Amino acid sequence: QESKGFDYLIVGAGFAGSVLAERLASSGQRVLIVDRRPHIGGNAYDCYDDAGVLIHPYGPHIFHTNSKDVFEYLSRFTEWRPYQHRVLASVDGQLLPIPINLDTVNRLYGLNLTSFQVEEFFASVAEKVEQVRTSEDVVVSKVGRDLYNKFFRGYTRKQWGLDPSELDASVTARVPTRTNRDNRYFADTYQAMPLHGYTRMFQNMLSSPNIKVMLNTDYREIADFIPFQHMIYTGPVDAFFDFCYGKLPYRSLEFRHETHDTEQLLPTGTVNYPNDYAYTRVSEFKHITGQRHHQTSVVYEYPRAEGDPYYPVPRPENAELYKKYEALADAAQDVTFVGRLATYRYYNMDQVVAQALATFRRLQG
C-alpha cells in the first residue's frame, strides 16, 4: 500500500552497521545507513588533525584478532601495516610492562627470577578463591594483593568509578597475567593496522551503489517518513526503548588531544597510569600508525560517568537490567540488534565484526 523503500535501515555506521551494510548490499538489498554523527566509522573513525597527523578522535583503536575469517574479511577493504601494540604502566615511577609478566615482576622488586620461579612466586602471594566472580578475584587470586593494588585497583577505580570487586570478573580477565617475558598487549595471531586508517577502510566497505549513507542524523529524525522494511539497530539498547526500565549504565570518556613539536614523546604506543593523574592513559598515534612526521600527536583519556556511551558496565545488576531490555529487543519483530552498544557486550572490533557476520548469515537463513 505505502512505499516499500529501503530493505534495511541501519542505525550506526560503526563496525556493526557497516559490515551488515556491505554484506546486505552485496546480496542486492537496498540499504540506508544513518549515523547521528557527521562521519562514518563509529568509534574506530580516524582522521588527520590540524597538524597533519593521522589520529583517532575517540581514543586509540588497535586492531587485533585470532579469527582468520574476520581478518580475511576486513582484508577485502584495506591493506595492513603489521603492528603489535605494547603498553607500559607507570608504577613507582617506572614504566613497567602490562600485562604483568616476568620482567614486570623482576623490574618492580629487583628480582632475578626465572619464568619457572615466577610461577611459584605468584603461587605464594595468590589469594585463594573460592567464588571467582568479580574483577578483584581474577587478579588477586593469581598475583596477590600487592600487584593487584599497584596495577589494577587504582586503574579500575578510575576507569569505571567502581572497585574491581563491584565489576564482573570478565573485565580484568581481559588482561592476562604472564610468567613468560611477552610484553605485547595482545597475543592474537593477526595484529595489524589498516594501512591508511580505519576511515579509508570504512569508505571501501560502504562503497556499494546499493548503500546510501546519511550523516548528522538520528534515525528518529527520519523514521516517520522514510520507508524501510527492516531495521538493524546498533546504538544503546536502553535509549531504543525509551529507558522504560531505567538507564542502562554505559561508561563514557573525554579525550584531550595535543600536538608536540618533537618526533617522539612516548617510549611506546600507550603509557597507562594506574596510580597518578586524572587521566588513565596517554597514547601517541605515530607508534600505532607508522606515520612519519616532524611533530607528534597524543591523546589523554579521562573516564566520565556522563556522555556518549563507550563501554557497557559488566556487573550483576547491570546484567539484570540488560535482560529486561534483551527481552524487548528479541520480541521486537522487524528490528535486529547488533554490536557493542546494542547487545551490551564488552566487544573488541574483531568481535563486533564476527557478530555482524553471524547476523548476516542468520538474516540470509
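Throughout, we count residues from 1 along the sequence that is shown.
Mean C-alpha B-factor is higher over 154 to 162 than over the other stretch, the pair under comparison being 154 to 162 and 190 to 198. Per-stretch averaging of Cα B factors for 120 to 128 and 242 to 250 places 120 to 128 on top.
Of the candidates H56, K324, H39, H64, the PDB record gives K324 the highest C-alpha temperature factor. Reading the B-factor column for the CA atoms of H85, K212, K286, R133 in the entry, the top value corresponds to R133. When the CA B factors of the chain's modelled residues are split into thirds, the value for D308 lands in the middle one. Among all modelled residues in its chain, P60 ranks in the lowest third by Cα B-factor.
The entry lists a Cα temperature factor for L328 that places it in the middle third of the chain's modelled residues. The entry lists a Cα temperature factor for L74 that places it in the lowest third of the chain's modelled residues. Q29 sits in the lowest third of its chain by CA B factor, as recorded in the PDB entry.
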